[PDB]
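S.K.: So here's input.cif (mmCIF, N, CA and C atoms).
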data_entry
loop_
_atom_site.label_atom_id
_atom_site.label_comp_id
_atom_site.auth_asym_id
_atom_site.auth_seq_id
_atom_site.Cartn_x
_atom_site.Cartn_y
_atom_site.Cartn_z
N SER A 1 76.40 161.69 32.26
CA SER A 1 75.41 161.71 33.36
C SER A 1 75.53 160.47 34.25
N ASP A 2 75.26 160.64 35.55
CA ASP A 2 75.38 159.57 36.57
C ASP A 2 74.09 159.35 37.39
N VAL A 3 73.07 160.20 37.21
CA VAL A 3 71.75 160.11 37.87
C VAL A 3 70.86 159.10 37.13
N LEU A 4 70.22 158.19 37.87
CA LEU A 4 69.23 157.25 37.33
C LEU A 4 67.93 157.98 36.93
N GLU A 5 67.38 157.71 35.75
CA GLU A 5 66.22 158.44 35.21
C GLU A 5 64.95 157.56 35.26
N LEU A 6 64.57 157.23 36.50
CA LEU A 6 63.53 156.25 36.85
C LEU A 6 62.10 156.70 36.46
N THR A 7 61.20 155.71 36.32
CA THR A 7 59.79 155.88 35.93
C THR A 7 58.91 154.83 36.60
N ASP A 8 57.60 155.05 36.67
CA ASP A 8 56.60 154.08 37.17
C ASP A 8 56.66 152.71 36.46
N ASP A 9 57.19 152.65 35.24
CA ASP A 9 57.41 151.41 34.48
C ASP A 9 58.51 150.50 35.07
N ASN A 10 59.52 151.07 35.76
CA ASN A 10 60.68 150.30 36.24
C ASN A 10 61.25 150.66 37.64
N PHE A 11 60.86 151.79 38.24
CA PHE A 11 61.33 152.25 39.57
C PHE A 11 61.31 151.14 40.62
N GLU A 12 60.22 150.36 40.67
CA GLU A 12 59.97 149.27 41.63
C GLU A 12 60.97 148.10 41.58
N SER A 13 61.86 148.09 40.58
CA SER A 13 62.94 147.11 40.42
C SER A 13 64.34 147.64 40.74
N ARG A 14 64.54 148.97 40.67
CA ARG A 14 65.86 149.61 40.74
C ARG A 14 66.26 149.99 42.16
N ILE A 15 65.29 150.28 43.02
CA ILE A 15 65.53 150.60 44.45
C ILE A 15 66.11 149.41 45.23
N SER A 16 65.89 148.20 44.70
CA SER A 16 66.41 146.92 45.21
C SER A 16 67.88 146.67 44.84
N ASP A 17 68.48 147.50 43.98
CA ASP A 17 69.91 147.43 43.64
C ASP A 17 70.83 147.99 44.75
N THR A 18 70.23 148.61 45.78
CA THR A 18 70.89 149.06 47.01
C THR A 18 71.52 147.90 47.79
N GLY A 19 72.60 148.21 48.52
CA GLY A 19 73.26 147.27 49.44
C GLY A 19 74.55 147.85 50.04
N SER A 20 75.59 148.03 49.22
CA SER A 20 76.90 148.56 49.65
C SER A 20 76.83 150.03 50.10
N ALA A 21 75.98 150.83 49.44
CA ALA A 21 75.72 152.23 49.79
C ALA A 21 74.75 152.41 50.98
N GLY A 22 74.01 151.35 51.34
CA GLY A 22 72.99 151.32 52.41
C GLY A 22 71.64 151.94 52.02
N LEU A 23 71.59 152.84 51.04
CA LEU A 23 70.39 153.59 50.64
C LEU A 23 70.44 154.09 49.18
N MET A 24 69.32 154.65 48.72
CA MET A 24 69.18 155.39 47.45
C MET A 24 68.58 156.77 47.73
N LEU A 25 69.08 157.79 47.04
CA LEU A 25 68.59 159.17 47.06
C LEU A 25 67.83 159.44 45.75
N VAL A 26 66.77 160.25 45.80
CA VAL A 26 65.96 160.61 44.63
C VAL A 26 65.51 162.06 44.69
N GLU A 27 65.41 162.71 43.54
CA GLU A 27 64.86 164.06 43.35
C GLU A 27 63.58 163.99 42.51
N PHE A 28 62.46 164.38 43.12
CA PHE A 28 61.20 164.58 42.41
C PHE A 28 61.14 166.02 41.87
N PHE A 29 60.78 166.15 40.59
CA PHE A 29 60.80 167.42 39.84
C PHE A 29 59.71 167.48 38.75
N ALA A 30 59.67 168.55 37.95
CA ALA A 30 58.74 168.70 36.81
C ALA A 30 59.46 169.38 35.61
N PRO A 31 58.95 169.25 34.37
CA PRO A 31 59.55 169.83 33.17
C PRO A 31 59.35 171.36 33.03
N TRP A 32 58.47 171.97 33.83
CA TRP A 32 58.21 173.41 33.85
C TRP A 32 59.41 174.21 34.40
N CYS A 33 59.54 175.47 34.00
CA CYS A 33 60.60 176.38 34.48
C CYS A 33 60.54 176.59 36.00
N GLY A 34 61.70 176.58 36.67
CA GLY A 34 61.83 176.73 38.12
C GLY A 34 63.20 176.32 38.65
N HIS A 35 63.35 176.29 39.98
CA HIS A 35 64.59 175.90 40.67
C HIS A 35 65.10 174.49 40.32
N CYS A 36 64.22 173.59 39.86
CA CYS A 36 64.61 172.28 39.32
C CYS A 36 65.61 172.37 38.14
N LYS A 37 65.47 173.36 37.24
CA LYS A 37 66.41 173.59 36.12
C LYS A 37 67.79 174.08 36.60
N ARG A 38 67.80 174.88 37.67
CA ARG A 38 69.02 175.43 38.30
C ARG A 38 69.76 174.38 39.14
N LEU A 39 69.02 173.47 39.77
CA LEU A 39 69.55 172.38 40.61
C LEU A 39 69.96 171.13 39.82
N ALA A 40 69.37 170.85 38.66
CA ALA A 40 69.70 169.68 37.84
C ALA A 40 71.22 169.50 37.56
N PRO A 41 71.98 170.52 37.09
CA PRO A 41 73.42 170.36 36.83
C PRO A 41 74.25 170.18 38.11
N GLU A 42 73.74 170.60 39.27
CA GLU A 42 74.37 170.33 40.57
C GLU A 42 74.08 168.89 41.04
N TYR A 43 72.85 168.40 40.87
CA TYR A 43 72.48 167.05 41.26
C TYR A 43 73.15 165.97 40.38
N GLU A 44 73.36 166.27 39.09
CA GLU A 44 74.19 165.47 38.17
C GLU A 44 75.62 165.34 38.69
N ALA A 45 76.21 166.47 39.09
CA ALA A 45 77.57 166.53 39.63
C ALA A 45 77.71 165.76 40.96
N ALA A 46 76.71 165.81 41.84
CA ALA A 46 76.65 165.00 43.05
C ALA A 46 76.67 163.49 42.74
N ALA A 47 75.93 163.05 41.72
CA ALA A 47 75.89 161.64 41.33
C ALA A 47 77.24 161.16 40.77
N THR A 48 77.99 162.01 40.07
CA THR A 48 79.39 161.75 39.67
C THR A 48 80.31 161.65 40.89
N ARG A 49 80.19 162.58 41.85
CA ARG A 49 81.01 162.64 43.08
C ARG A 49 80.75 161.49 44.07
N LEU A 50 79.57 160.86 43.99
CA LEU A 50 79.09 159.82 44.91
C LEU A 50 78.77 158.49 44.18
N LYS A 51 79.26 158.27 42.96
CA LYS A 51 78.87 157.15 42.08
C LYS A 51 79.04 155.74 42.67
N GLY A 52 80.02 155.57 43.56
CA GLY A 52 80.29 154.33 44.31
C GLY A 52 80.03 154.47 45.82
N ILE A 53 79.22 155.47 46.22
CA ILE A 53 79.02 155.89 47.61
C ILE A 53 77.53 156.07 47.95
N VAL A 54 76.76 156.75 47.08
CA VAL A 54 75.32 157.02 47.22
C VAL A 54 74.65 157.07 45.82
N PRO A 55 73.87 156.05 45.42
CA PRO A 55 73.02 156.10 44.23
C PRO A 55 72.04 157.29 44.27
N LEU A 56 71.96 158.05 43.17
CA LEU A 56 71.08 159.21 42.99
C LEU A 56 70.15 158.98 41.78
N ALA A 57 68.93 159.51 41.83
CA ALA A 57 67.90 159.32 40.81
C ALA A 57 66.99 160.55 40.62
N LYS A 58 66.29 160.64 39.49
CA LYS A 58 65.32 161.71 39.18
C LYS A 58 63.99 161.13 38.68
N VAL A 59 62.87 161.76 39.04
CA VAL A 59 61.50 161.34 38.68
C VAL A 59 60.60 162.55 38.44
N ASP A 60 59.99 162.63 37.25
CA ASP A 60 59.00 163.67 36.90
C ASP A 60 57.67 163.47 37.64
N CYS A 61 57.32 164.34 38.59
CA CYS A 61 56.02 164.38 39.28
C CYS A 61 54.82 164.60 38.34
N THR A 62 55.00 165.31 37.21
CA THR A 62 53.96 165.46 36.17
C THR A 62 53.69 164.18 35.37
N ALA A 63 54.67 163.26 35.32
CA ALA A 63 54.56 161.98 34.59
C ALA A 63 54.42 160.74 35.50
N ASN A 64 54.63 160.88 36.82
CA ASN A 64 54.60 159.81 37.83
C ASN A 64 53.86 160.24 39.11
N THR A 65 52.77 160.94 38.86
CA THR A 65 51.95 161.70 39.82
C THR A 65 51.39 160.79 40.91
N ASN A 66 51.06 159.56 40.53
CA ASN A 66 50.57 158.49 41.40
C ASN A 66 51.56 158.06 42.49
N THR A 67 52.85 158.01 42.15
CA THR A 67 53.94 157.79 43.11
C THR A 67 54.14 159.04 43.96
N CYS A 68 54.16 160.22 43.34
CA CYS A 68 54.54 161.47 44.01
C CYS A 68 53.48 162.00 45.00
N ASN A 69 52.19 161.73 44.78
CA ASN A 69 51.13 162.10 45.73
C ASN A 69 51.05 161.13 46.91
N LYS A 70 51.31 159.83 46.66
CA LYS A 70 51.50 158.82 47.72
C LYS A 70 52.74 159.12 48.58
N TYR A 71 53.76 159.75 47.97
CA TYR A 71 55.05 160.09 48.62
C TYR A 71 55.05 161.49 49.27
N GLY A 72 53.98 162.25 49.05
CA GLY A 72 53.76 163.59 49.62
C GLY A 72 54.69 164.67 49.06
N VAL A 73 55.11 164.56 47.80
CA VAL A 73 56.05 165.49 47.13
C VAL A 73 55.50 166.92 47.11
N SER A 74 54.27 167.10 46.61
CA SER A 74 53.44 168.34 46.67
C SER A 74 54.08 169.66 46.16
N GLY A 75 55.24 169.60 45.50
CA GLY A 75 56.06 170.72 45.04
C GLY A 75 57.46 170.20 44.71
N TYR A 76 58.28 171.03 44.07
CA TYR A 76 59.59 170.62 43.54
C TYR A 76 60.61 171.79 43.41
N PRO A 77 61.93 171.49 43.35
CA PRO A 77 62.55 170.17 43.49
C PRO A 77 62.48 169.64 44.93
N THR A 78 62.23 168.34 45.08
CA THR A 78 61.94 167.67 46.36
C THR A 78 62.78 166.39 46.48
N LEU A 79 63.78 166.41 47.36
CA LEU A 79 64.74 165.32 47.53
C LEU A 79 64.38 164.39 48.71
N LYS A 80 64.44 163.06 48.50
CA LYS A 80 64.08 162.02 49.48
C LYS A 80 65.08 160.85 49.52
N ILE A 81 65.02 160.06 50.60
CA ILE A 81 65.98 159.02 50.98
C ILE A 81 65.26 157.70 51.27
N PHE A 82 65.81 156.61 50.75
CA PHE A 82 65.25 155.25 50.82
C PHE A 82 66.33 154.22 51.22
N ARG A 83 66.46 153.97 52.53
CA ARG A 83 67.36 152.97 53.12
C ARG A 83 66.95 151.56 52.70
N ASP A 84 67.89 150.80 52.13
CA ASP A 84 67.67 149.47 51.54
C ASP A 84 66.46 149.40 50.56
N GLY A 85 66.13 150.52 49.91
CA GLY A 85 65.00 150.64 48.97
C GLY A 85 63.63 150.89 49.62
N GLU A 86 63.58 151.40 50.86
CA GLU A 86 62.37 151.71 51.63
C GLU A 86 62.54 153.04 52.38
N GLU A 87 61.47 153.83 52.49
CA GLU A 87 61.52 155.23 52.98
C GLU A 87 62.24 155.38 54.33
N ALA A 88 63.27 156.22 54.38
CA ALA A 88 63.92 156.65 55.62
C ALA A 88 63.38 158.02 56.07
N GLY A 89 63.10 158.91 55.11
CA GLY A 89 62.37 160.16 55.34
C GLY A 89 62.56 161.15 54.20
N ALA A 90 63.54 162.04 54.35
CA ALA A 90 63.81 163.16 53.44
C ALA A 90 65.27 163.65 53.54
N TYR A 91 65.76 164.30 52.47
CA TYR A 91 67.04 165.01 52.48
C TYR A 91 67.02 166.23 53.43
N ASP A 92 68.17 166.59 54.01
CA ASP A 92 68.31 167.64 55.02
C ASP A 92 69.65 168.40 54.87
N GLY A 93 69.73 169.25 53.84
CA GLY A 93 70.90 170.10 53.55
C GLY A 93 70.64 171.12 52.42
N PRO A 94 71.67 171.91 52.04
CA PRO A 94 71.59 172.85 50.92
C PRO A 94 71.18 172.20 49.58
N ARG A 95 70.44 172.94 48.75
CA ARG A 95 70.14 172.56 47.35
C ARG A 95 71.34 172.87 46.44
N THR A 96 72.41 172.09 46.61
CA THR A 96 73.68 172.13 45.86
C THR A 96 74.34 170.74 45.87
N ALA A 97 75.23 170.47 44.91
CA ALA A 97 76.06 169.26 44.89
C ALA A 97 76.86 169.07 46.18
N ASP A 98 77.43 170.17 46.68
CA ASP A 98 78.22 170.21 47.92
C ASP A 98 77.41 169.79 49.14
N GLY A 99 76.13 170.15 49.16
CA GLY A 99 75.17 169.75 50.18
C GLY A 99 74.98 168.24 50.23
N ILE A 100 74.81 167.58 49.07
CA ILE A 100 74.63 166.12 48.99
C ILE A 100 75.89 165.38 49.49
N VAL A 101 77.06 165.80 49.02
CA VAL A 101 78.36 165.24 49.42
C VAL A 101 78.62 165.49 50.91
N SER A 102 78.37 166.70 51.41
CA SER A 102 78.53 167.03 52.84
C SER A 102 77.63 166.18 53.75
N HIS A 103 76.36 165.98 53.37
CA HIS A 103 75.41 165.13 54.08
C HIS A 103 75.89 163.67 54.18
N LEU A 104 76.64 163.18 53.18
CA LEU A 104 77.34 161.89 53.24
C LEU A 104 78.59 161.96 54.15
N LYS A 105 79.51 162.91 53.94
CA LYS A 105 80.79 162.98 54.69
C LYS A 105 80.60 163.04 56.21
N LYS A 106 79.57 163.76 56.65
CA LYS A 106 79.16 163.95 58.05
C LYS A 106 78.83 162.65 58.81
N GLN A 107 78.57 161.55 58.11
CA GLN A 107 78.24 160.23 58.67
C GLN A 107 79.21 159.12 58.24
N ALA A 108 79.74 159.22 57.02
CA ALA A 108 80.73 158.28 56.47
C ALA A 108 82.12 158.37 57.15
N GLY A 109 82.57 159.58 57.52
CA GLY A 109 83.91 159.79 58.09
C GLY A 109 84.36 161.26 58.15
N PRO A 110 83.76 162.10 59.02
CA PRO A 110 84.11 163.52 59.14
C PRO A 110 85.47 163.78 59.81
N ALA A 111 86.04 162.78 60.49
CA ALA A 111 87.35 162.85 61.14
C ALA A 111 88.51 162.93 60.11
N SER A 112 89.58 163.63 60.48
CA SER A 112 90.82 163.84 59.71
C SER A 112 90.67 164.49 58.31
N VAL A 113 89.47 165.00 57.97
CA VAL A 113 89.18 165.78 56.73
C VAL A 113 89.96 167.10 56.71
#
Would you mind writing the file's structure down as structure tokens?
M.R.:
Amino acid sequence: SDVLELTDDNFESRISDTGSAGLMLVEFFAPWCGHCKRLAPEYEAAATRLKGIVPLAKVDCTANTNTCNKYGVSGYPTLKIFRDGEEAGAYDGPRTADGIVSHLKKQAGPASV
């Protein structure tokens, strides 16, 4: 696994590890059955594909509800973006590993692909 498994106990220290990647990506989810179980093995694969390019993380909204209601998660799976460890807005692509990598390639260097 390559996804960070952050919590309210330590999240506030790990978003500051950003610099070379410019940002951190995170998925808010829950332990209940749903599209989060179908997307988890794709989001794991994105973190392997982007390990030195875009940091990826996961957070349980049922266990970190105080962060997730302040962040306006309100449902799951819910992907968000934090430039230099501070809110840039939200993810904007397919719910697949290919979507995460494509959203990077489109700004990192789409020429000569």
S.K.: Using the chain letters and numbering of this document, enumerate as a list in words the residues selected by the PyMOL selection byres ((chain A and resi 13-24) around 8).
M.R.: residues 9, 10, 11, 12, 25, 26, 27, 52, 53, 54, 55, 56, 57, 80, 81, 82, 83, 84, 85 and 86 of chain A
S.K.: Select, from A:104, A:40, A:45, A:73, the residue with the minimum atom-to-atom distance to residue 28 (chain A), counting only C-alpha atoms.
M.R.: A:73
S.K.: Can you work out which one of A:76, A:59, A:5, A:89 has the shortest atom-to-atom distance to residue 34 (chain A), counting only N, CA and C atoms?
M.R.: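 Closest residue, counting only N, CA and C atoms: A:76.
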S.K.: Just so the selection is clear, what residues does the PyMOL selection byres ((chain A and resi 97-101) around 8) cover here, as a ChimeraX atom specification?
M.R.: /A:39,41-47,49-50,92-96,102-106
S.K.: Apply the PyMOL selection byres ((chain A and resi 63) around 8) to the file shown and report the selected residues as a VMD selection string.
M.R.: chain A and resid 7 to 8 29 to 31 59 to 62 64 to 68
S.K.: Could those selected residues go to a file with N, CA and C atoms, as a CSV table (one decimal), in the frame of the given file?
M.R.:
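Once everything was written out, this is selection.csv:
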chain,number,residue,atom,x,y,z
A,7,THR,N,61.2,155.7,36.3
A,7,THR,CA,59.8,155.9,35.9
A,7,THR,C,58.9,154.8,36.6
A,8,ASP,N,57.6,155.0,36.7
A,8,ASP,CA,56.6,154.1,37.2
A,8,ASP,C,56.7,152.7,36.5
A,29,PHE,N,60.8,166.2,40.6
A,29,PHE,CA,60.8,167.4,39.8
A,29,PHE,C,59.7,167.5,38.8
A,30,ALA,N,59.7,168.6,38.0
A,30,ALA,CA,58.7,168.7,36.8
A,30,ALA,C,59.5,169.4,35.6
A,31,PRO,N,59.0,169.2,34.4
A,31,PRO,CA,59.6,169.8,33.2
A,31,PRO,C,59.4,171.4,33.0
A,59,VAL,N,62.9,161.8,39.0
A,59,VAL,CA,61.5,161.3,38.7
A,59,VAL,C,60.6,162.6,38.4
A,60,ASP,N,60.0,162.6,37.2
A,60,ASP,CA,59.0,163.7,36.9
A,60,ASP,C,57.7,163.5,37.6
A,61,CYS,N,57.3,164.3,38.6
A,61,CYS,CA,56.0,164.4,39.3
A,61,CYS,C,54.8,164.6,38.3
A,62,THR,N,55.0,165.3,37.2
A,62,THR,CA,54.0,165.5,36.2
A,62,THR,C,53.7,164.2,35.4
A,64,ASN,N,54.6,160.9,36.8
A,64,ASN,CA,54.6,159.8,37.8
A,64,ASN,C,53.9,160.2,39.1
A,65,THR,N,52.8,160.9,38.9
A,65,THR,CA,52.0,161.7,39.8
A,65,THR,C,51.4,160.8,40.9
A,66,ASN,N,51.1,159.6,40.5
A,66,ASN,CA,50.6,158.5,41.4
A,66,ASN,C,51.6,158.1,42.5
A,67,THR,N,52.8,158.0,42.2
A,67,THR,CA,53.9,157.8,43.1
A,67,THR,C,54.1,159.0,44.0
A,68,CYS,N,54.2,160.2,43.3
A,68,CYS,CA,54.5,161.5,44.0
A,68,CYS,C,53.5,162.0,45.0
S.K.: Extract the full set of helix (DSSP H, G or I) residues from chain A according to DSSP on the backbone, and format it as a PyMOL selection string.
M.R.: chain A and resi 11-17+35-49+65-70+97-108
S.K.: Identify all residues of chain A in strand (DSSP E or B) (DSSP on the backbone) and supply them as a ChimeraX atom specification.
M.R.: /A:4,23-29,56-60,78-83,86-87
S.K.: What does the distance from atom N of residue 75 (chain A) to CA of residue 36 (chain A) come to in Å, to one decimal?
M.R.: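 The value is 11.5 Å.
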S.K.: Could you work out how far CA of residue 48 (chain A) lies from atom C of residue 3 (chain A), giving the answer in Å with one decimal?
M.R.: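 Distance reported for this atom pair: 9.3 Å.
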S.K.: Provide the atom N of residue 78 (chain A) to atom C of residue 33 (chain A) distance in Å, to one decimal place.
M.R.: 12.4 Å
